Every structure is written in C-alpha cells, then in structure tokens.
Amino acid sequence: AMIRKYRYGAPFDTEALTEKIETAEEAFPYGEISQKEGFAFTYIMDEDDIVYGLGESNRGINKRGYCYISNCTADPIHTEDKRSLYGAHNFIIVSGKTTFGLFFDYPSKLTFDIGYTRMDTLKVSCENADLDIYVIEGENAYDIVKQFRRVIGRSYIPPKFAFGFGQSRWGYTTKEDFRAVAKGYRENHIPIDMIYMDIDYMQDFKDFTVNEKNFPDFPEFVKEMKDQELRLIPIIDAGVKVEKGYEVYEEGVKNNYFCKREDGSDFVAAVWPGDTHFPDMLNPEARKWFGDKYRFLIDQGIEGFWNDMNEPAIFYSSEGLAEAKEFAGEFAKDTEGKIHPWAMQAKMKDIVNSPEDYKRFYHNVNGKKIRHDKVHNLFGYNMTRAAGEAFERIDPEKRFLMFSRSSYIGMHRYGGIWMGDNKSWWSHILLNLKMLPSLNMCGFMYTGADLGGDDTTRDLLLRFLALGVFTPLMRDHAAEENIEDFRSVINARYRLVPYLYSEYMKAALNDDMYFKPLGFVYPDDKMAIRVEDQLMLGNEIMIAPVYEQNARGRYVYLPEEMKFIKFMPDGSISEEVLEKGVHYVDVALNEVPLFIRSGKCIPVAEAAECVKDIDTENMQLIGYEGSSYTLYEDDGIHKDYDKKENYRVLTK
C-alpha cells in the first residue's frame, strides 16, 4: 500500500517488474491525465522540486529544464541538445514538498517535457494511451527508488573479474594484435583482466563465427590468454549477415526466426556485414535459438560478451537505399535548381535509423504480429534477455559478463550497460558522472563509459580513467606517452576492487543503489541536494573526480566531515581531515581522490596485477579509528549469495 498501478487501454507486456500489482480502480492522485491527443500526463511543479530518474539520458541528475524522448537511438554524437540516447528508462521521481515516483511502463516513444516548454510544468506524453503507470510514494526519493528497485527484481551481477580493467580497440584482428597487448601490460606490469574483441574477429562480421584464417585453434588461443589471466570478451551484433551456407542465417530463414516485412519476407537492414536480418527478439522461440548460439563461444573458453547495434541500428534498408538512389538520379539530372544540395544531403541522413524503416518490419509475439515501432524500445532489452536466459540453461549457477548498448527497464536483471561515443570530450566525464546515480535508480549497476575518439590527449585519458576506477565497468576501448601515470591509476583501481566489489554485492543483494546523489544521503542539506558533480558510493565514501583540462584540483562541498584520501603514484596514501563546508583540493593527473565519511572506514588491498591475485586476506583499513566495515566476499564466480559467511566485520 505505497505502490499503485494505473492501466490505460491494452498495454503491451514488458515483464519489466517481477512483482505483480493489482490495478487501481481509484483516482489518479497527481496532475491531470488527458486523452485528447493520444496520452498526456501534466503536472505543475513547485519552484524547489527536483526531478530524478530517466536512467540513460542527457544532462544532469536534476532533469528539470529540458526535453527527453525515450526512444532507443544509435546516434553517437551526444550534444547537450540531444533528446534521445540508447536508453529508454521511464522512471522519474518528483522531489519537493510533495514527493512521488512514476514509472511509465511503455514500449514506444515516450516524451518527457520536464520544464522545457513552461518552467513549472511537467508533461509526459505518447501517441496511444496503451500503457501502465506505477505510482510509488514514500518518505523521500531514496525510499521511492528503493521500493522500485524491489519490484523490478534483482540487478544483474557480473563475475568478479569484470571488476578488473579491460582494454580493447576496434582494429584488433590477428592473434598478433592480441598477443601484443598481453605483452604490453604484463611486461610493464600494468594490472588488467580483460581484452575486448571488436567486430573484426568474426568471419566477415558473421555472428558466432571466428575468422578461420586468423584463428585456426581458437580454444588453444583462448586458453593461451586465460593462462595469463586475460579473458577475451567478444562482441555480438543485432544483425545476422545474409549469406548462403552461413548456418545461423539458414536456420533463421528456415525456422521463421528473423523479423518479417508486412508481405512475409525477411526484413533486410544493412549493417557492418552488409545485408542482415534481425532476429525476432520478442518471439520467445526465436529468442531461445539466438541465446543458445552463445554456447558456440562459451564452449571455446569464453566467459563474457557484449551486445551492440541492438537499438537496432540501421545504416539503410533495401527500401530506403532504393528511395535515395532515385532522388540522387533526380538530383543528378536537375539543372533548374529545383532539387537542392542540402535536400540531397538530408535524404541521405534520413535513411540512417529512419523512423520509416522501424515501420517496415514486425514481431511475432506469441502469435501476435506487432510492427516494430510499437515496441521499439524493447528490442535490445530482449536481445540481452536472450543471452541471459541461455546462460541459466548452460550453467544456472555461473555468472557471465554481459552488457548491452540498448536497454529498457527489465534488462537490468540480465546485463549491464556501457556508455560510448564517437568523440573524446572533457564534458563527457561530467556527463558520465551524472548518469551514474540515474542508472542505479532504474536498476542498472554494472555500467561504465567510453572515450570514442585520436584527440585523446594524455591528460584526458588520465582523468577519464580516474572516474572509471569507481565505475563497475572500467575499460580503455577505442579506435587505433609517460606510461607510469597510467599504471598508478590502474593500481588505485585494483587496490579498491575488494571494497568496490563488496559495496556492489551488498547493494545488488539488497535492492539498494551503488552510486547515490548527495541529495539521497543528505536530503535536508540544501547545499548537498544541488551538487551534481560528486557522488556517494556505498555508505562509506564520496567521489569527486577532476574534469577540467589544465586543472590542478577542483572545488568540493563536504556535507559532513571527511578524510580527503588520495592514492599517490609511489603507492602511498595521503590522508587529511576536512570539516563540513566548501574546499578547494589539490589533485594531480596521476593522483586518485576520494573522501571517506566521518566514522567510516574502507579496506584497501596492495596493488595486484589481476583480480585472482589480489591479496584480500590482510588488507589495510583506511578511515576513522573505531569504525567498522562489513566486507562481502564469495568465490566471485557462482551464485552462492545468501550465506552469513559471505560477510565479515572489520574494525579500525
């Protein structure tokens, strides 16, 4: 009796929540609901109200003052004005004198006008009034989030090695490229556990193949790598190549597993392999077939995968390619200047990720033909759901590394999310920082981010990693000076793996958040609730990364007394007490900073070069003498979660 479900029309089932809620047959408690123009919820905000949520969305922790459209989009630019990223996360919480959470359970384009049109007005709208709205109430936002976290079911948990460092690069192809990196890191003694394989390892980008000529005994090569504690983490894309004699393709065609055109034919969408077909992720039979395929690589020693282009992205369709050729031909033989160069340009952008192409193909959902656009936001969800179920069939008791580009609430149980770009910008450290608590709100905990890019200067990479240190996914993956600064930073990471791991485990198992906004921890502190460039982690620290070029430090607000801790290259740990108030603090490039809360402590291992070798048996306790910390640890591999003996109390 603090959670209500309001149903309108005939909502498609997303299986986002795992707890059942009775339909409310009373009045919608807040705002106006209107069905004149599709569906709209309109609400007038108090001046001080903060709006939390929307997981993977643009701008800040407080969403007030802009427009967000939930419409999973393969856009990779990410300017302030972008309305849509890769995530459809329709959770929000109004935080003011009146406080409530709303989850709009809806698979299609959802529109969040949060102060955009009129500063005082919140307006959520969509084309058809076929959705469920959950209303969550409580003390405050954190309490609201915590109930929500309880109904959407438990968050995905990676194996412990996923808490190491990873490196990848679009362009790695041959055994020698991967041999070259193991050598780089291991011989310069940079810690690391994972090496990503970008698309090039396949046989002509064909899903679930390895390049036969570059990889003649993959399992022997996989084992080669596993013997130096390097786990090869290969990519899988939404598109299956159209190739005669390609087995996946042939079973896809034969068993009616790909999405279909209205006319009955298998829909074609050009991606990296050229012409592909999309597996029908909403069809549970097609989902099992595709999930199962991952066995092919699991059977060769592979322990982690990443799914990509699953919005799904489309460079162009057959219809659109043809449409645009006809235009071009018309442009080509204009001389009366009737067809303009920017019209010809505009037709060319318009065939990439075209709303019209998302209306040309269909899902067969338990017998029901649905057009993709009606449910577009669930695709990548289900692609990840597919793999996550295949894992439970092969070995229910084993955790695999899995993370996806596209997501919808409900996926949070089957994998994590990675934030990527086609650009390396200082502003993106801040962006990625602010996104963190918001992902946590909607259940996405194993997340990190990328520096697309060759305008990665040394310092950008250094500060970028110094945030990455605290993000559960931490890698250096891009397209392809002073080596020892890079090492000191990965050292800091590995010194922190045990505590970070423990905080994540305690959080995941308790339906609690990993990263929190200062607002959640200090809700009555009117300064704290406005800080967006600092986060609280677990119940013990606060992070405040440096994100400005040329900066020798930054400003901070401490909502309470804390120990300013830093990891110094020499392996030392500088420690200083700072009163509640505002401070400027020195943080050099190669230095890694966090603040530990009054009467808290955290354990700190010596640096180790891979996760299995971290000496967790006798760690140092940094923080305040007298304080306790509960350390969680298990085998890091399997699902033996509810043991008293996974918890140990440490005292300073």
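Residues carry their position along the shown sequence, with the first being 1.
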*Using the PDB record, quantify the missing residues of the deposited sequence between residue 480 and residue 481 as none, 1 to 3, 4 to 9, or 10 or more.*
10 or more
*Unmodelled deposited residues between residue 420 and residue 421, binned*: none
_Comparing 533-541 with 201-209, the one whose average Cα B-factor in the PDB entry is higher_ = 201-209
*Which is higher in the entry, the mean Cα B factor of 286-294 or that of 75-83?*
75-83
*Looking at 111, 155, 424, 98, which has the highest Cα B-factor in the entry?*
424
*From 548, 524, 105, 176, residue of greatest CA B-factor*: 176
*Using the B-factors in the PDB entry, rank residue 605's C-alpha atom against the chain and give the third, lowest, middle or highest.*
lowest
*Chain thirds of CA B-factor: placement of residue 377*: lowest
_Record-listed C-alpha B factor of residue 279: chain third_ = lowest
_Is residue 487 in the lowest, middle or highest third of its chain when residues are ranked by C-alpha B-factor?_
highest
*So where's residue 219 on the chain's Cα temperature factor ranking, which third?*
highest
